[PDB]
Amino acid sequence: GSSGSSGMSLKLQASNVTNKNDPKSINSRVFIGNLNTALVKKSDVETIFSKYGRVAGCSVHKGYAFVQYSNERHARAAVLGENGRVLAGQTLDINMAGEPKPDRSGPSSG
């Protein structure tokens, strides 16, 4: 039997210049979008994702909802696990928490 390399590469990137973001609770977090947030509650969505693992903190907003986990895996699981699901007719758009800024710039460092 033989086995090749599959998982190994792990780059972070994007680490410089100040910003107006909170890196707190960014380790393991999920951003639930396209959420009607009209019928779906936090207590519910909680038991929905809770499956992936107890959420450190969840927050339901009008239009979207957030979910925090202890491990980075408990998130990804809930990320893909949920990401793609439909609710109310719309496909719950979920993704990992951690987005850059909508803007580009030259090589400013040196």
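Residues numbered from 1 in each chain as written, not as in the entry; some residues may be left out. Heavy atoms only, no water.

In the PDB archive, solution NMR is given as the structure determination method for this entry.

Taking the PDB entry as the reference, the chain is identified by name as RNA-binding protein Raly belonging to Homo sapiens. Looking at the header, the entry is titled "Solution structure of RRM domain in RNA-binding protein NP_057951".

Draft legend 1. Expanded view of the pairing of strand 3 (residues 64–68). Counting buried residues along strand 3, 4 of its 5 residues qualify, which places the element largely inside the surrounding structure. In the sheet, strand 1 (residues 29–32) pairs with strand 3 via 4 bridges, with the strands oriented antiparallel. When the bridges of strand 3 are listed, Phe31 appears paired with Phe66. Here 5 bridges tie strand 2 (residues 57–61) to strand 3, and the two strands are oriented antiparallel to one another. Its bridge partner being in strand 3, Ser59 is matched across the sheet by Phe66. Where strand 2 folds back on strand 3, the antiparallel hairpin that results is connected by 2 residues, among which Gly63 adopts a positive phi of roughly 125°. (Buried < 20%, exposed > 50% of the residue type's maximum accessible area, 1.4 Å probe, protein only. Helix = DSSP H or I, 4+ residues; strand = E, 2+ residues; numbered from the N terminus. Pairing = 2+ DSSP bridges.)

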